[PDB]
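Residue numbers (UniProt numbering), protein chains in the order written: chain A, 1 to 100; chain B, 2 to 89; chain C, 2 to 130; chain D, 20 to 74; chain E, 2 to 272; chain F, 4 to 54.
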RNA sequence: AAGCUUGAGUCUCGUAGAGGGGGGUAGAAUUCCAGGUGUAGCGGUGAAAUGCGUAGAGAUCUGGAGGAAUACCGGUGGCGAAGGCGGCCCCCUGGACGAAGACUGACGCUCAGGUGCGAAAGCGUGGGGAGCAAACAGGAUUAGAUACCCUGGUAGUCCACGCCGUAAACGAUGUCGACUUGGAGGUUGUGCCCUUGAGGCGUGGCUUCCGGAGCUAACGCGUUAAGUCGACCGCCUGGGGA
RNA sequence: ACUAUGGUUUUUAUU
């Protein structure tokens, strides 16, 4: 298998319903026997410009182990649902302890 | 240049051992395996001319060894060309 | 790899004294050792030594005195592309008698003196002064 | 140093102009300065630092 | 792909051939045929109202489903075949329930592919869902301009329509004349771009080819009798006038839109 | 000069005394991309007669 | 004819790259549409017009369409055989370089003829066209304006592909092995000793300007030599005509 | 926002 980070920016005042929206498509990687190590918040951060009308993000980390011929099927599954921008996939070396 | 397994395979399955890398027939097989792995890269990339420049020299290194082997022993040369996919 | 072993021998000697080095080293050959023999036997070098069996290597110990430079001109004349030969009646003079000439003859590497005392001609090995 | 993803930490190393001081006039290590200027590149690509001073 | 022909004759020296090895060879599905009766350019009273047409082979029409819903029903491409009129071929679709129908094949002209319909399908060329369910920048072929209709836009080789703005029950999309139209979001299309994209690279060929295509020669208005075309008369080879149609209307600069009832859909046209 | 200093100034800047021709300032040191290097020299100072 | 093995070739585990190709992707903006707030000017000049407004421009906000290149970071700082390669991903890929081991056994090194690699302009075949822009139009400037000024705008700039073979391809250093001198400012692999030294001896690969020896008519080259010694291939013949 | 048009020829060398 191959490892990826896959981080979602997430609006802090919808951060209790956005992880369930990502889990509306996780069948696209658990169908390939992918293993998901958190799909969870890390901590609020501030931006130098607004993303989805807000200068802040809640940062929700997936941390996944999967085959290599399914990472383009997964990023195409988010091509039109308007939850993925600038990849944020960050391949290889896998997660650090508790993501620090 | 190829992965730890893509070579061995060849060096022990067509040769004798991974500590007998230098045998002439096995170096011609290691070049043939390297050429055929790149026949899965080129004609799928219809250009990539600056990387295709490597494949151009790999067939020249295979020509260097085949011609020198034909002058070194004609029976080993004639055996090799029906044990690899050579001279069509 | 090496296209002229004796051009490297002569460069290692000629420039070694200009680098003021005590000794210089190279892969050893019975041609290099025969050239080192006549250079010691006519008093231009101090010692030559070989070590090894499957990788034989030569070390030449350079000769020094009260003045400056013991070897002042060491010119090959004959090269593997274009060779130069000499005959008994015309065996060469070097720097009007300041130097001597070396030849391979039909017997081995020797002085023009030892050649004219056997009646031999042959290829030039070096002119030394 | 070792991280680029948290701005509450990264902001302690930069000026209020988004810059750093050259290594040989701060006594800092050679690759540490390259990795610091690269952490600033990665933090701009993560939208934690600006592309323009406008607005 | 498209290829040249041997220069061994006139016409053949310029004519282009369309080739594809992944078309099925066999017997066409006759329940989806309309033999298509000809008119020779004549009205219902036997009088000519359209010129330059008559003769050639019958060509006919291949029928597509004008009531295509099939929501939730998976299907497969059973056949990919030649059409005597459609430049972008025709595909036969076989539903899991339970008929054979003709559908307009998108880019890649693929056989043995599995395709869906309805609001749950994944966004792919040839996967059909309402324009209510698609984002801005999306590409569509076989587009209907009123909900539930048999389609009228983007059905020719290399054709498509793009959606550029959206609000509630209506989407705003662009047309090839510099127009931009407001259309109902309940329209479903067939999603993507029409395949082949090379049939516009063509030259007519030999003069007898127009006769098997059913295309008839022109007549110069200055050689016609002076009362049947305003350009007639003669004598001779002098025309001291500004050019007109056979009905005495100037050919240039006369803009003809006179509809008065469809302005409500316009977003880029001007009077 | 490209300065952002605002409020209490008059007479359209050029505020630094002896800034161009016969020194000050810089060009000591005009060649080889080192133009602003004497500012660094006289800040890393320390002594100027070094052995 | 047959050996030997340090140079050559390959293999384990590692170092750093805007090198190449395939399929994706931002920041922001000249332009353009539309809804707020708002009023008679915008742009250029020694003066001005053409153009864009007065029907609401320019302005500034809110939300979009559009094609296409990298600013801040960036440093002659990297890569490629070379004109060239730079915002950021995912997937394939040629080459350079090291530590310790294992095979081949002269395997090196240059190349007649040959077969190959494009920067820009231009072209063949389609697609596209936001800004810019040969040609060209609109107005001035001027003796003229053929140019500078200034608004538009086709060819082009761009893409998947195919031709062309050419340059200031200039780091003007043919290519390749060996032997070397001090500096500034950047960078990367590694062995060894209680670290008698809370620390130090030993060594491989690159990179951009200085400045020695040696080289030259003088400029300059300068360990990535135009230097010392050697191997192979190519080119020139006073000027103009040409 | 700056001006076309005024051709051509010259010396110290000896004691």
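Built from N, CA and C at the ideal position, the CB exists for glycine as well.
Q) Closer than 8 Å, CB to CB, is residue 80 (chain A) near chain E or not? A) Taking the first chain and counting its residues from 1, one reaches residue 80 (chain A) at position 80. True, the Cβ-Cβ gap to chain E drops below 8 Å.
Q: Measure the alpha-carbon distance for residue 201 (chain E) versus residue 158 (chain E) and round it to whole angstroms.
A: As a first step, residue 201 (chain E) is located in the fifth chain; it is residue number 200 there, counting from the start. As a first step, residue 158 (chain E) is located in the fifth chain; it is residue number 157 there, counting from the start. One C-alpha to the other measures close to 8 Å.
Q: Flag residue 6 (chain D) as yes if its beta-carbon sits less than 8 Å from any beta-carbon of chain A, otherwise no.
A: Because chain D is modelled from 20 through 74, residue 6 (chain D) falls outside the range shown and cannot be assessed.
Q: Count the C-beta pairs between the stretch 25 to 35 of chain D and the stretch 55 to 63 of chain D that are closer than 8 Å, then say yes if the count reaches three, no if not.
A: Because the criterion of three Cβ pairs below 8 Å is met, the stretch 25 to 35 of chain D and the stretch 55 to 63 of chain D touch.
Q) Hey, is residue 55 (chain D)'s beta-carbon within less than 8 Å of any beta-carbon in chain A? A) Here residue 55 (chain D) refers to the residue found at position 36 of the fourth chain. With its beta carbon at least 8 Å from every one in chain A, residue 55 (chain D) lies outside the interface.
Q) How long is the line joining the alpha carbons of residue 4 (chain A) and residue 48 (chain B), rounded to whole angstroms? A) Working through the first chain from its first residue, we reach residue 4 (chain A) at position 4. Working through the second chain from its first residue, we reach residue 48 (chain B) at position 47. Rounded to whole angstroms, residue 4 (chain A) and residue 48 (chain B) show a C-alpha spacing of 31 Å.
Q.
Could you check whether the stretch 152 to 167 of chain E touches the stretch 121 to 141 of chain E, counting it as contact only if at least three pairs of C-beta atoms, one from each stretch, sit closer than 8 Å?
A. Counting C-beta pairs closer than 8 Å gives three or more between the stretch 152 to 167 of chain E and the stretch 121 to 141 of chain E, which meets the contact rule.
(Q) Quick check: what's the CA-CA separation for residue 176 (chain E) versus residue 271 (chain E)? (A) Here residue 176 (chain E) refers to the residue found at position 175 of the fifth chain. Here residue 271 (chain E) refers to the residue found at position 270 of the fifth chain. A direct Cα-to-Cα measurement between residue 176 (chain E) and residue 271 (chain E) gives close to 14 Å.
Q. According to the Cβ coordinates, are residue 117 (chain E) and residue 77 (chain E) closer than 8 Å?
A. For the purposes of this step, residue 117 (chain E) is taken as residue 116 along the fifth chain, with counting starting at 1. For the purposes of this step, residue 77 (chain E) is taken as residue 76 along the fifth chain, with counting starting at 1. No. Outside cutoff.
Q. In terms of residues, what are the limits of the alpha helix (DSSP H) holding residue 17 (chain C)?
A. Against the third chain, residue 17 (chain C) aligns to sequence position 16. Where residue 17 (chain C) is concerned, the enclosing alpha helix (DSSP H) starts and stops at 6 to 19.
Q | Per-residue contacts from residue 47 (chain A) into chain D (C-beta, under 7 Å) | A | Looking up residue 47 (chain A) in the first chain gives position 47. Among the residues of chain D, those whose CB is under 7 Å from the CB of residue 47 (chain A) are 66 and 67, following chain order.
(Q) My output table needs one value for residue 44 (chain B): the three-state DSSP class, helix, strand or coil. (A) Within the second chain, the letter at position 43 stands for residue 44 (chain B). Residue 44 (chain B) falls in the coil class under three-state DSSP.
Q: Have a look at residue 101 (chain E) and residue 32 (chain E) and give me their C-alpha separation to the nearest angstrom.
A: As a working mapping, residue 101 (chain E) is identified with position 100 in the fifth chain. As a working mapping, residue 32 (chain E) is identified with position 31 in the fifth chain. So the alpha carbons of these two residues sit roughly 9 Å apart.
**Q.** Of the residues E:262, E:74 and E:185, the one placed nearest residue 97 (chain E), counting alpha carbons only
**A.** Position 96 of the fifth chain holds residue 97 (chain E). Ranking E:262, E:74 and E:185 by Cα distance to residue 97 (chain E) puts E:74 first.
Q) Does residue 59 (chain D) come within less than 8 Å of chain A when only Cβ atoms are used? A) Position 40 of the fourth chain holds residue 59 (chain D). Residue contact check for residue 59 (chain D) against chain A: no CB pair falls below 8 Å.
Q: Can you give me the start and stop residues for the beta strand (DSSP E) that residue 28 (chain F) sits inside?
A: As a first step, residue 28 (chain F) is located in the sixth chain; it is residue number 25 there, counting from the start. Per DSSP, residue 28 (chain F) lies in no beta strand (DSSP E) and is assigned neither H nor E.
Q. Under 8 Å between C-beta atoms, does residue 85 (chain E) make it to chain A?
A. Sequence index remark: in the fifth chain, residue 85 (chain E) carries index 84 (1-based). For residue 85 (chain E), the answer is no, since every Cβ of chain A falls outside 8 Å of its Cβ.
Q. Can you tell me whether residue 23 (chain F) is buried or exposed, with buried defined as 16 or more other CB within 10 angstroms of its CB?
A. Residue mapping note: residue 23 (chain F) aligns to position 20 of the sixth chain, counting from 1. So residue 23 (chain F) ends up on the exposed side.
Q. Taking contact to mean at least 3 C-beta pairs separated by less than 8 Å, is the stretch 82 to 89 of chain B in contact with the stretch 77 to 94 of chain C?
A. No, they do not touch.
Q. Which runs of the beta strand (DSSP E) fall wholly inside the stretch 18 to 64 of chain B and span at least 3 residues, in chain order?
A. Segments of the beta strand (DSSP E) lying fully in the stretch 18 to 64 of chain B: there are none.
Q. So, helix, strand or coil for residue 28 (chain C), using DSSP?
A. Your numbering for residue 28 (chain C) matches position 27 in the third chain. Strand.
Q) Would DSSP call residue 93 (chain A) helix, strand or coil? A) As a working note, residue 93 (chain A) is residue 93 in the first chain. DSSP, reduced to helix, strand and coil, places residue 93 (chain A) outside both helices and strands of the structure shown, so it counts as coil.
Q. Three-state secondary structure (DSSP) at residue 29 (chain A)?
A. For this step, residue 29 (chain A) is matched to residue 29 along the first chain. In the structure shown, residue 29 (chain A) sits in a helix (DSSP, three-state: H, G or I).
Q | Element boundaries [beta strand (DSSP E), containing residue 12 (chain A)] | A | As a working mapping, residue 12 (chain A) is identified with position 12 in the first chain. Careful: residue 12 (chain A) lies outside any beta strand (DSSP E) and carries neither H nor E.
**Q.** Interface partners of residue 51 (chain A) on chain D, CB under 7 Å
**A.** Residue mapping note: residue 51 (chain A) aligns to position 51 of the first chain, counting from 1. Within chain D, the residues near residue 51 (chain A) are 66.
Q. First and last residue of the alpha helix (DSSP H) that includes residue 75 (chain D)?
A. Nothing about residue 75 (chain D) can be read from this structure; chain D reaches only from 20 to 74.
Q: Could you tell me whether the Cβ of residue 26 (chain D) comes closer than 8 Å to any Cβ of chain A?
A: Position 7 of the fourth chain, counting from 1, holds the residue named residue 26 (chain D). Closer than 8 Å: yes.
Q. In three-state DSSP terms, what is residue 80 (chain A)?
A. As a working note, residue 80 (chain A) is residue 80 in the first chain. In the structure shown, residue 80 (chain A) sits in coil (DSSP, three-state: anything other than H, G, I, E or B).
Q: Can you give me the Cβ contacts of residue 111 (chain E) inside the same chain, cut-off strictly under 7 Å, excluding the 5 residues immediately before and after it?
A: Translated into positions along the fifth chain, residue 111 (chain E) becomes position 110. Result list for residue 111 (chain E): 78, in chain order.
Q: Please report the residue range of the beta strand (DSSP E) in which residue 90 (chain C) lies.
A: On the third chain, position 89 is the one that residue 90 (chain C) refers to. Looking at the DSSP string, residue 90 (chain C) is not in any beta strand (DSSP E), and its letter there is neither H nor E.
Q) Okay, do the stretch 20 to 38 of chain A and the stretch 63 to 76 of chain A touch, 3+ Cβ pairs below 8 Å being the bar? A) As far as the Cβ criterion goes, the stretch 20 to 38 of chain A touches the stretch 63 to 76 of chain A, which means the pair count is three or higher.
(Q) So, with DSSP's three-state summary, where would you put residue 64 (chain C)? (A) As a first step, residue 64 (chain C) is located in the third chain; it is residue number 63 there, counting from the start. The three-state reading of DSSP puts residue 64 (chain C) in coil, since its state is none of H, G, I, E or B.
Q: Give a yes or no on whether the C-beta atoms belonging to residue 66 (chain D) and residue 51 (chain A) are separated by under 8 Å.
A: Counting from 1 along the fourth chain, the entry for residue 66 (chain D) is found at position 47. Counting from 1 along the first chain, the entry for residue 51 (chain A) is found at position 51. Cβ atoms of residue 66 (chain D) and residue 51 (chain A): closer than 8 Å.
Q) Over what stretch of residues does the beta strand (DSSP E) that includes residue 19 (chain A) continue unbroken? A) Against the first chain, residue 19 (chain A) aligns to sequence position 19. Element bounds for residue 19 (chain A): not the beta strand (DSSP E) but the alpha helix (DSSP H), 18 to 22.
Q.
For a contact defined as C-beta to C-beta under 8 Å, what are the partners of residue 136 (chain E) on chain A?
A. Your numbering for residue 136 (chain E) matches position 135 in the fifth chain. Those are 80 and 82, listed as they occur along chain A.
Q. Quick one: Cα of residue 245 (chain E) to Cα of residue 42 (chain E), how far?
A. Numbered from its first residue, the fifth chain carries residue 245 (chain E) at position 244. Numbered from its first residue, the fifth chain carries residue 42 (chain E) at position 41. If you draw a straight line from the Cα of residue 245 (chain E) to the Cα of residue 42 (chain E), it comes to about 22 Å.
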